[PDB]
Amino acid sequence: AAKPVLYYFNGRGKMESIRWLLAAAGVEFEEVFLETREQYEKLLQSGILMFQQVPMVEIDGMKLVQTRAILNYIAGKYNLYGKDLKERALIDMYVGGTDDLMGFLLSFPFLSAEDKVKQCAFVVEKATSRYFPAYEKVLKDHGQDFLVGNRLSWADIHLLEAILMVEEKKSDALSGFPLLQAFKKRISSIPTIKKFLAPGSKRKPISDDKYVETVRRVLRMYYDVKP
């Protein structure tokens, strides 16, 4: 092995969460961006994408595909997946919820101005009435700084990312969830994470129109993404 290599577009997408996890773990990685269609075609005939898709990560000799497979592997390898099955079930449960929440924003940059507005509210309602109350309760019920095992876990990292994403759409969306507001502070303060949030890191920005173009050109898809 050597240093993890993340193959994906130069933007957030489904790769962002993996960037977050590797960073929180203090793991340095290299990225190979998809800019041209010929590049993609070359990658396909190569046959290193088991199911003809990205994300794809070369780590410890393997060339992994399937976002959840990759994240799972990373959470286990760097001891951010709990101590046993019970603790891992909780982490998967929480991660599941923030994944669904984040999943509602995947197509956002591909929506029309009219849809972006409609989707924006949809996601805000989802987070404030469904997700945030659930995670707020987890913290309340055990009163510990972390979601699971009183120690940083993938779940915490995934939750933080989801929080900042919702806050990029509705800056005060977290208002009324004191525990998450304090959670947002604590987690954002952990050195590795703090560095990732800092300037010059590999954290990717909100996807703009160039991102969409590069995607539509290389994959020849998502031309008419609906809300």
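Residue positions are given as counts along the sequence shown, with the first one as 1.
**Q** If you average the CA temperature factors over each stretch, which comes out higher, 64 to 72 or 186 to 194?
**A** In the deposited entry, the stretch with the higher C-alpha B-factor mean is 186 to 194.
**Q** Per the PDB record, is the mean Cα temperature factor higher over 2 to 10 or over 218 to 226?
**A** Stretch with the higher mean C-alpha B-factor: 218 to 226.
**Q** Between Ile163, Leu34, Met56, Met50, where does the Cα B-factor run highest in the record?
**A** Highest C-alpha B-factor among the listed residues goes to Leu34.
**Q** Specify which of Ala89, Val95, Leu101, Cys120 carries the largest Cα B factor in the deposited PDB entry.
**A** Reading the PDB entry, the winner on C-alpha B-factor is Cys120.
**Q** Where does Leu43 sit by CA temperature factor within its chain: lowest, middle or highest third?
**A** According to the entry, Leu43 has a C-alpha B-factor in the chain's highest third.
**Q** Please say which third, lowest, middle or highest, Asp156 falls into when its CA temperature factor is compared across its chain.
**A** Its C-alpha B-factor, which the entry lists for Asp156, ranks in the lowest third among residues of this chain.
**Q** Would you mind ranking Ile206 by its C-alpha B-factor against the rest of the chain and naming the third, lowest, middle or highest?
**A** Its C-alpha B-factor belongs to the middle third of this chain's values.
**Q** Divide the modelled residues of the chain into thirds by Cα B-factor and specify which third, lowest, middle or highest, holds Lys77.
**A** Bottom third by C-alpha B-factor.
**Q** Among the chain's modelled residues, which third holds the C-alpha B-factor of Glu114?
**A** Top third by C-alpha B-factor.
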